[PDB]
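Colleague: Protein chains in written order, with the deposited numbering: chain B, 13 to 159, 186 to 256, 329 to 347, 363 to 425, 448 to 474, 481 to 506, 515 to 550; chain C, 2 to 21, 32 to 64; chain A, 1 to 395, 707 to 744, 749 to 771, 780 to 1140. Note that CB positions come from ideal geometry on N, CA and C, so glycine has one too.
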Amino acid sequence: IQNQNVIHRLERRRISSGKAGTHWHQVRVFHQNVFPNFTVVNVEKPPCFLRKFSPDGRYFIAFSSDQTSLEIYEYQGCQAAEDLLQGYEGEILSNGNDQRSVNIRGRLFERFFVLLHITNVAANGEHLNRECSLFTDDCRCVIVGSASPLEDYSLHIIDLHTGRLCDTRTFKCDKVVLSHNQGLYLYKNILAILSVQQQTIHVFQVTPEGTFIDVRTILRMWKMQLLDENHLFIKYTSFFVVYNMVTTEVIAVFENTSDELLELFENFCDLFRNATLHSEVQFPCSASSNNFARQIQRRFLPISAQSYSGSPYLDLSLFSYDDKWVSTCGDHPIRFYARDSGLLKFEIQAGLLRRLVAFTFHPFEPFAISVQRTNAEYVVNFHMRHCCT
Amino acid sequence: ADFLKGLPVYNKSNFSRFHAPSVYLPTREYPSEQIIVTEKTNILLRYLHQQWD
Amino acid sequence: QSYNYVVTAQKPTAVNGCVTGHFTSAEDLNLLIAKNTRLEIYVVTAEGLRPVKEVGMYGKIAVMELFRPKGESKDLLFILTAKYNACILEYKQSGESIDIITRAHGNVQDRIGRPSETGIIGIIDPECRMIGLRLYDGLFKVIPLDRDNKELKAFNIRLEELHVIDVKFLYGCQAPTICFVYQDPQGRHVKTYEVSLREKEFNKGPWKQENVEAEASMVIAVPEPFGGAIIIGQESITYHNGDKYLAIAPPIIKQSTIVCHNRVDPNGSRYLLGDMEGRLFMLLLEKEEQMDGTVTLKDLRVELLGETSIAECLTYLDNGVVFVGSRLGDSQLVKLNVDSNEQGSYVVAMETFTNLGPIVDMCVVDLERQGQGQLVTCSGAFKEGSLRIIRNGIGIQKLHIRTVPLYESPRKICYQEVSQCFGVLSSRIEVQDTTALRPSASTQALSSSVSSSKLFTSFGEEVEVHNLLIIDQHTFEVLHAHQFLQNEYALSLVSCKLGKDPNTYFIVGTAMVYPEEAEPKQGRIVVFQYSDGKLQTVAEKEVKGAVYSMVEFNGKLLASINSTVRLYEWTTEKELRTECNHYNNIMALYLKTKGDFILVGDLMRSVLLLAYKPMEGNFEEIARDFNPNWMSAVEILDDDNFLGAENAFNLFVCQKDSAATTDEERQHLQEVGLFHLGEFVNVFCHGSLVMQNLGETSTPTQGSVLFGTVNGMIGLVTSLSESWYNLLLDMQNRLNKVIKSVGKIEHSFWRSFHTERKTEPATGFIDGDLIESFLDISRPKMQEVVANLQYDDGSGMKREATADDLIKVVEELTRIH
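In structure tokens form, the structure reads like this:
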């Protein structure tokens, strides 16, 4: 039996910083002590479609009910509603008839998020895409878009701190898969847009001040990814191609069932993922870099931009959990156990005490939201750290 | 203890007179002869180029 | 905005790595010691260690290897830093002038790549063909040691294994062959590979993979003629060489984990091992010769030689003298004797080297009432734990350290002037039957007591017994020892008057700790009064969590119970009573106060500034820093500037922006200063070690904050005026040109703020070491620095600066420490 108690880890940290280069794990292990152990059910939620947090987690992005204006909130922290929950010892806050429970459900969202900006970017009858959101490496701005039929597409960059629209490009005849960042990729201030109808890939670098400058314009292309500023990875239909746009030379081709392609993916899934480009010290989790991740993959492209959160609780090096639901609605709550001892640590459940479900974790904080969506009805719940004192 | 005889000796006089520092401040510009640069391109693309050969 | 000046009072003392070789020439035996950012070079002579040089580096030395490649008359030194600056150095001497040149330098950081749990590993081939670095999971960086090429092209090889415990280069291989221990879901195994530079790849190793002990954690490469490798775990020691395989499980070593090793004989017949308990073993390889003259292993034999300091590194020097570099205690120079002494130990100590680390807590006390501050520190851990008393003066002025050993771990210290005694929280380890492992201070007290509170494991487990010790201030003898309840840990300790009560109390925050629970769910705030040489429990309060920190706050008790910051009033029946609560926290680890302001340092949410409203009887969140950081200490420099030390060895200063126009903007603290100290700061405290005479009003600095770190470093943070800050920043920029760095690392890169999330150049901080180094460069170089510089001489106008002006300015700066 090993000491799992947080006091042991705190004292150990005080007397020793470990070997050189290990001080990151000395604090990553703290997520096995502090976790979202409480759940408030059916929180009142403003008329907006929530999307995600910023890579640094300071901001939160929502799309207004008009589908033409962007709402930027500031995240107040996972302790933002601790005082509201005192005396409610337990693991969940059941949806009850008492006035305190409905009061908490009415105050929680405004406790956690504070509106900062409402920027009207869409025009000419265009609507913002719900799933299109990219963040710059400095996290100073966000990339959004607005619109098989063809329509005029528009791309915008918005400063998050100030809310001012910085730059915008337009495309009279464009067909980009703006949903889930499919037709868009960002890597180290290199932004690539993928025009499927025009069979085109367009490149820009973004300035720290937030402007677009043209770089270049280049079986059928289906999807895109950017391995680096020197190499694209294109799809055809399937066939995969790694190509160089500086030397205009095809580097490699692959068939979708090829085995050497599969082994190279197993070798460099981490490089294909680009989980946490926004900083120099990274902690990716993938089959290319973890024992358990490769174990699950072996027991069983291209990658979308920024599709993987860096949440430490989703890191397989720290927590054992069922892989089916979080990387329709889960028939069961997802349980998270510790890796070191296997003991149960915390449960997360999106359902009220088929429907589409979605789970959002803070990139580092012990905070999460869960959304259940139907044809016309939404329900959101808040999972957060809670103690009674 | 038969395992402690014949301990290695460099100089027989070392520590034989034992009884129970200046900071170096470099000022002369001496140009380094070599520089340790890493492979600029990442391992995946380097492997792809190698396999292209 | 913020104008700060950081200097070092005591240089780091904890030994991180020790190596030995022929560095200064082909005839000197050199001992090279890495104390964090420092590299000390000693020459082994007939009189012991002769300190030859000391080199400050712009990074945290992680790797240190000596290698003598072909065509070289002596050893070259490879040094990797924690920011991945790699440098190969050559020691050159020209009679009286010593030049440590940089044969090669570069940066081998990879932007993409997960740092490994076991850390940075740097190995050099026995034939000096290459340098291998394990920096990230599933990657091995190779630097080939060519001569003709102008650039050393370091390339990565994809390492199939993802969790490597230890790597080594094997001896006696015609090609560079590596052997490493790795862990996978199937257990732990040992594997070997060959490094092909032409193909830039790993080819199949010499001998096969083998399943090994669950705790196998060390790899030793045995030189020729033996070859092979020794895998050392917790309960067994194995030797593998092709089909040859030996294994032993000596009962003597099972007690604790072996952490360090060294090779005594050049042919590897004998090895030194040191374990966490402080014991030193000799590993013996018995050889047998075949009829053809070959030499093969016969058996492994481990012997216990005695007890030393808890060894971070071992280095056999010469003629039976071993350097034991300790991280948790004083380093040693110890001698192995043929015959055991009266105590049955072959190990006899010769020299000890002071190590203040880890400075766990500290307090500034004017013990002699002469007006000068003395520093009392809780240093060390386990059997090395002690109190260090640090004075500034003449035996030039230096630091003088006195050691009071406790033989157990000290946790917190507080000073009670009325009782003329210190209160020290301490812990010791006992074996569950529980019996004390060794005599300690908590057991040799004159009088002792045990908790009588009624308000609230397998065989062989280790349990912690916590004690509150009352220690005299003159003799530093343990007057009283109070053992707390079973499974109870004392965390925080304060000494204050409360309410209208004229009695001065010790107040201890405790918790109940069980290995299965993630966090404490019970704790006690216990109020003792030490009178008549006896400690009595005046009061005690049950709280629903661990009392992490308590500070007296305007005659009340400010405590932090888990995520709650609570205020307690000392009533007339002499019992505590809640006044107000602040629940919005993840974990209120650190508390500081000034006036009505509370600075709460959280586990992962940076600092938060609250104010107590006297006329409402509740708190109010004045502002908070929204940039997340893993605090380890907080401090309030002044009413608007808040200092903070974070986990990745960085200091920052936040500002209460009173210039903001909206109440929403006033809710944010602006990070006006960033700096990379390179140390893990444990404790901040207001004070100074120098005489604060009336004639000292000419100092251009305001404030003085001491900080104590894990590596035994003591540093001082002060504040400068704007014009002084500008002048010293110009000094910084010019000295960055005049002084060249060892390994050629830019000072701006070294001091840059650098965490897991952001990387910005240092701002609002002036490196005091660089500024004070100006006083020792050559006078022509000083003319070079001072040239064309504009200085305000004090008449209100700016003129062309002269050397004497800036000499006296810096001379005034060095009078603060």
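Using a Cβ-Cβ distance under 8 Å, would residue 120/A count as near chain B?
Modeller: Within the third sequence, residue 120/A is the residue found at index 120, counting from 1. True, the Cβ-Cβ gap to chain B drops below 8 Å.
Colleague: Given a limit of 8 Å on CB to CB distance, which residues of the stretch 44–57 of chain C reach chain B?
Modeller: Residues passing the 8 Å Cβ filter: 52, 53, 54, 55, 56.
Colleague: CA-CA distance, residue 525/B and residue 210/A?
Modeller: Start at 1 with the first residue of the first sequence, and residue 525/B comes out as number 364. Start at 1 with the first residue of the third sequence, and residue 210/A comes out as number 210. Answer to the nearest angstrom: the Cα atoms are 39 Å apart.
Colleague: Taking the alpha carbon of residue 756/A as the reference point, which residue from 804/A, 198/A, 730/A, 732/A has its own alpha carbon closest?
Modeller: Indexing the third sequence from 1 puts residue 756/A at position 441. When each option's Cα is compared against that of residue 756/A, the closest is 804/A.
Colleague: Check residue 100/B in the structure and name its three-state DSSP category.
Modeller: Taking the first residue of the first sequence as 1, we reach residue 100/B at position 88. It is coil, neither helix nor strand.
Colleague: Check distances from the C-beta atoms of the stretch 47–66 of chain A to those of chain B and list, in chain order, the residues that come in under 9 Å.
Modeller: Residues 60, 61, 62, 63.
Colleague: Would you list the residues sitting across from residue 374/A in a DSSP beta bridge?
Modeller: Translated into the one-based positions of the third sequence, residue 374/A becomes position 374. In the DSSP output, where bridge partners are listed per residue, residue 374/A has 365/A.
Colleague: Can you tell me whether residue 183/A is buried or exposed? The criterion is at least 16 other CB atoms within 10 Å of its CB, across all chains shown.
Modeller: Residue mapping note: residue 183/A aligns to position 183 of the third sequence, counting from 1. Flag for residue 183/A reads buried.
Colleague: So for residue 417/B, helix, strand or coil by DSSP?
Modeller: In the first sequence, counting from the first residue as 1, residue 417/B sits at position 292. Residue state, collapsed to three classes: helix.
Colleague: List the residues of chain C whose Cβ lies closer than 7 Å to the Cβ of residue 338/B, in chain order.
Modeller: The residue labelled residue 338/B in the question sits at position 228 within the first sequence. Within 7 Å Cβ-Cβ: 53, 56.
Colleague: Just to confirm before moving on: does the CB-CB distance between residue 329/B and residue 347/B stay below 8 Å?
Modeller: Within the first sequence, numbered from 1, the residue matching residue 329/B stands at position 219. Within the first sequence, numbered from 1, the residue matching residue 347/B stands at position 237. Yes. Within cutoff.
Colleague: Residue 252/A to residue 14/B, Cα distance in whole Å?
Modeller: The residue given as residue 252/A occupies position 252 in the third sequence. The residue given as residue 14/B occupies position 2 in the first sequence. Using only the alpha carbons, I get a separation of about 22 Å.
Colleague: Verify whether the separation of the beta carbon atoms of residue 7/A and residue 998/A is less than 8 Å.
Modeller: The residue labelled residue 7/A in the question sits at position 7 within the third sequence. The residue labelled residue 998/A in the question sits at position 675 within the third sequence. No. Outside cutoff.
Colleague: Please check if any C-beta of chain C sits within less than 8 Å of the C-beta of residue 1065/A.
Modeller: As a working note, residue 1065/A is residue 742 in the third sequence. By this cut-off, residue 1065/A is an interface position.
Colleague: Using a cut-off of 7 Å between C-beta atoms, extract the partners of residue 953/A located in chain B.
Modeller: Reading the third sequence from its first residue, position 630 is the one you call residue 953/A. By Cβ distance, chain B contributes 39.
Colleague: To the nearest angstrom, how far is the alpha carbon of residue 1074/A from that of residue 21/C?
Modeller: Sequence index remark: in the third sequence, residue 1074/A carries index 751 (1-based). Sequence index remark: in the second sequence, residue 21/C carries index 20 (1-based). Near 38 Å, if we compare the C-alpha coordinates of residue 21/C and residue 1074/A.
Colleague: Is the shortest distance between the beta-carbon of residue 908/A and the beta-carbons of chain B less than 8 Å?
Modeller: Here residue 908/A corresponds to residue number 585 of the third sequence, with the count starting at 1. Output row for residue 908/A: interface = yes.
Colleague: For residue 343/B, count neighbouring C-beta atoms within 10 Å of its own C-beta (all shown protein chains included) and say buried if the count is 16 or more, exposed if not.
Modeller: Against the first sequence, residue 343/B aligns to sequence position 233. Under this definition residue 343/B is a buried residue.
Colleague: Starting from residue 385/B, trace the alpha helix (DSSP H) in both directions and tell me its first and last residue.
Modeller: To locate residue 385/B, count along the first sequence from 1; it is residue 260. Looking at the DSSP string, the run of the alpha helix (DSSP H) that includes residue 385/B is 384–398.
Colleague: Rounding to the nearest angstrom, what Cα-Cα distance links residue 1124/A and residue 10/C in this structure?
Modeller: As a first step, residue 1124/A is located in the third sequence; it is residue number 801 there, counting from the start. As a first step, residue 10/C is located in the second sequence; it is residue number 9 there, counting from the start. In a straight line, the C-alpha of residue 1124/A is about 58 Å away from that of residue 10/C.
Colleague: Going by C-alpha distance, which of 349/A, 1135/A, 84/A is nearest residue 1043/A?
Modeller: Residue mapping note: residue 1043/A aligns to position 720 of the third sequence, counting from 1. Taking only the C-alpha atoms, the option nearest residue 1043/A is 1135/A.
Colleague: I'd like to know if residue 59/C contacts chain A, where contact means its C-beta is closer than 8 Å to some C-beta of that chain.
Modeller: Within the second sequence, residue 59/C is the residue found at index 48, counting from 1. No - not a single Cβ of chain A is within 8 Å of the one on residue 59/C.
Colleague: Residues of the stretch 271–282 of chain A with a CB closer than 9 Å to any CB of chain B: list them in chain order, please.
Modeller: Listed by position, the residues of the stretch 271–282 of chain A near chain B (Cβ gap below 9 Å) amount to none.
Colleague: Less than 6 Å between C-beta atoms, sequence neighbours within five positions excluded: which residues of the same chain meet that for residue 711/A?
Modeller: Counted from its first residue, the third sequence places residue 711/A at position 400. If we look at residue 711/A and ignore the five residues flanking it on each side, its Cβ neighbours are 391.
Colleague: What three-state label does DSSP hand residue 35/C in the structure shown?
Modeller: Counted from its first residue, the second sequence places residue 35/C at position 24. Correct three-state label for residue 35/C: coil.
Colleague: Could you tell me how far apart the beta carbons of residue 1037/A and residue 9/A are, in whole angstroms, since I believe they sit closer than 8 Å?
Modeller: Residue numbering aside, residue 1037/A sits at position 714 when the third sequence is read from its first letter. Residue numbering aside, residue 9/A sits at position 9 when the third sequence is read from its first letter. Residue 1037/A to residue 9/A, Cβ: 5 Å. Contact.
Colleague: Between which two residues does the alpha helix (DSSP H) holding residue 282/A run?
Modeller: For the purposes of this step, residue 282/A is identified with residue 282 of the third sequence, where counting begins at 1. Residue 282/A -> not in any alpha helix (DSSP H); beta strand (DSSP E) instead, spanning 279–289.
Colleague: Would you call the stretch 237–255 of chain B and the stretch 377–386 of chain B touching, i.e. three or more CB-CB distances under 8 Å?
Modeller: No, the stretch 237–255 of chain B does not touch the stretch 377–386 of chain B.
Colleague: Find the nearest neighbour of residue 224/B within the set 27/B, 148/B, 192/B, judged by alpha-carbon distance.
Modeller: Working through the first sequence from its first residue, we reach residue 224/B at position 186. Considering only alpha carbons, the answer is 148/B.
Colleague: Tell me the DSSP bridge mates of residue 51/A?
Modeller: The count along the third sequence starts at 1 and reaches residue 51/A at position 51. Note: residue 51/A sits in a beta bridge opposite 42/A.
Colleague: What residues of chain A sit near residue 27/B, judged by a beta carbon separation below 8 Å?
Modeller: The residue labelled residue 27/B in the question sits at position 15 within the first sequence. Those within 8 Å of residue 27/B in chain A are 328, 358, 360, 381, 720, 1033.
Colleague: Just how far apart, CA to CA, sit residue 91/A and residue 1065/A?
Modeller: Taking the third sequence and counting its residues from 1, one reaches residue 91/A at position 91. Taking the third sequence and counting its residues from 1, one reaches residue 1065/A at position 742. In a straight line, the C-alpha of residue 91/A is about 11 Å away from that of residue 1065/A.
Colleague: Tell me whether residue 254/A is buried or exposed, calling it buried when 16 or more other Cβ atoms sit within 10 Å of its Cβ.
Modeller: Locating residue 254/A in the third sequence gives position 254, where the first residue counts as 1. Classification for residue 254/A: exposed.
Colleague: In chain order, what residues of the same chain lie with their CB nearer than 8 Å to the CB of residue 1165/A, ignoring the 5 residues before and after it?
Modeller: Not covered by the structure: residue 1165/A. The range shown for chain A is 1 to 1140.
Colleague: Is the CB-CB distance between residue 721/A and residue 385/A below 8 Å?
Modeller: Translated into the one-based positions of the third sequence, residue 721/A becomes position 410. Translated into the one-based positions of the third sequence, residue 385/A becomes position 385. Contact flag set, yes.
Colleague: Tell me the residue span of the alpha helix (DSSP H) that contains residue 1094/A.
Modeller: Within the third sequence, residue 1094/A is the residue found at index 771, counting from 1. It spans 1091–1096 - the alpha helix (DSSP H) in which residue 1094/A sits, taken as one unbroken run.
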